[PDB]
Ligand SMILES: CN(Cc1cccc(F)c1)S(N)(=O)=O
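Starting off, we have a lone chain in the form deposited without the ligand, written out as C-alpha cells.
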C-alpha cells in the first residue's frame, strides 16, 4: 500500500453562538452552500483529515465528537479516528483522520493562548494542534479574536500574541514561532474583522449582499486592508471570498442580517461582516491548492454561518536510506555563497546564523558575519563564502529536493533571533550556483531579508 504524496484537508470554522447545532450539519463537511463549493461527484470521497474549529461552543467535547463522527460516518461510511481535541473556554479544535492514517500521524501537540489582560482576559484566545503526517509537519490554529468594528488594532495584537506564545511543533526549533515550524500551517476562526463602512450604510450593504455584489464590501474588509498594509497575517494566503458575509444573522433563518445596536450587543452595531475565515501559510514550493472556500446556507442555529475550506496539500514519506537516519550521507551537501542579511535594526551587535532542518542531524551555527552600513541607512551583515557546508542525513535527490532550511539571524550579544525565514531546496538544478531569498520576520513582523546563492549536491 503506497505512501501518499498528497492528502486533502478539510478546515471548518463555526461560531455556534452558544446554541446547540441542528440535527443535520453534513452540508458543512460537504463544502455546499455559497462561495467556492465542492462538486457533487466528490460527496462520498472522504478527506484525509478534518479540522473543526468552533467558537462560543456550548457542547462538551464528548457531545461534539459524537455529532462530528456520526456526521462524517453518514457522509463517507468511514469511522474517523480522533487525533486530538483541545478546548479553551468555549473555543475548541477537533482533528479527525481516516483510520488508514493512524500509523502515519505522530508527535501530536496541543496548546492554547489566552489573549488580553484583566478586563480583556477570560474569553478570547486560540487553541491549536500540530502533528507529523509521515515526513510533513502540519499545524492548525483556531482563534476567536477581539470583537467590535473599532477594535481592529486589538485583533492584530491578539494575532501577534497567539503566534508568539502558542507552543506547537518541534521545540528544538527554538528561534522559530508557529509561522515557521510547519510545512503547512492553517489559521482559522472567528477572526472578527469587520466591513468598515458607516453605520448609516447598513441597508445599502444588505442590498449589495442580496445582489451578490461583494466587491465594494470586500474593499472595506478590515482583514484584507490590514493584510495589504502588512499589519497582520504577513506571508499568509486566503482564497478569494465569493460568499455572503457570515455574520450577523437572525437565528433560525438566513433571510435577515441583525445589525442594529441592542443592549445585548453593548449598544454596538454589527454591520454584515466576514468574521469567519481560513488562511494558510506553506513552505516555499510545496504544493497547496484551495479546492473550496464558502459558507453553508442551511445551518441556522447561530448568528454566524459555518465556513468551510478544503485543500490539496503535498506530503512526503518517512525516508530511510542505508545511511541516514542515524548518520550523514557524504554524497550530499548544501553550500551558501555570497550570502548577506539586510536588517531593519538600529542595533550594532555582531550577528551569526543558525540553520535548522529535519534533513540535518542537528542545527548548525555559523561564524559571525561582517557588518556594513547600507546606502539607505540599513544594517547589511555579510557572510561571504564563510558559511558552514551543511551535511544532510540523506543524499537521495527524491528526498533532499523536498526539504527546507530554516534560517535565524541571532545577536552574538544576546543570542536572541532578530529574523527568521525559510529556503526551499526544490532547486532548478543541482551542482549549480542559484539565487536564494527569504524575507526575515520576528514575532511575525518584517525585520529584514536574507539572500545569496546556494549550491546543492545530491547523490545524482
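Numbering follows the first chain given and starts at 1.
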For this session: Give the stretch, out of 322-330 and 301-309, with the larger mean C-alpha temperature factor in the deposited entry.
Result: 322-330
Seminar exercise, completed: Mean B factor on CA atoms, stretches 238-246 and 116-124, record says higher is 116-124
For this session: Would you mind checking which of 165, 336, 89, 293 has the top Cα temperature factor in the PDB entry?
Result: 336
Seminar exercise, completed: Note to self: of 402, 431, 56, 61, the C-alpha temperature factor tops out at 431
Exercise. Which third, lowest, middle or highest, does the CA B-factor of residue 443 fall in along this chain?
Worked result: middle
Exercise. When the modelled residues of the chain are sorted by Cα temperature factor, does residue 150 land in the lowest, middle or highest third?
Worked result: middle
For this session: Quick one: classify residue 226 as lowest, middle or highest third of the chain based on its Cα B-factor.
Result: lowest
For this session: Would you mind ranking residue 417 by its C-alpha B-factor against the rest of the chain and naming the third, lowest, middle or highest?
Result: middle
Seminar exercise, completed: residue 35: CA B-factor among chain residues, third -> lowest
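Below: the form solved in complex with the ligand, not depicted.
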Exercise. Contact between residue 252 and the ligand in the entry with it bound at 4.5 Å, heavy atoms?
Worked result: no
For this session: Consider residue 202 of the chain shown here, and say whether it contacts the ligand in the entry with it bound, taking contact as heavy atoms within 4.5 Å.
Result: no
For this session: Please run the contact check for residue 258 against the ligand in the entry with it bound: heavy atoms, 4.5 angstroms, yes or no?
Result: no
Problem set entry | Partner contact for residue 106 in the entry with it bound: the ligand, 4.5 angstroms, heavy atom | yes
For this session: Go through 80-88, 303-311, 143-151, 327-335 and give me the stretch that gets within 4.5 Å of the ligand in the entry with it bound, heavy atoms only.
Result: 80-88
For this session: Could you tell me which one of 97, 315, 195, 390 places a heavy atom within 4.5 Å of the ligand in the entry with it bound?
Result: 97
Exercise. Going through 18-47 from first to last, which residues have a non-hydrogen atom within 4.5 Å of the ligand in the entry with it bound?
Worked result: none
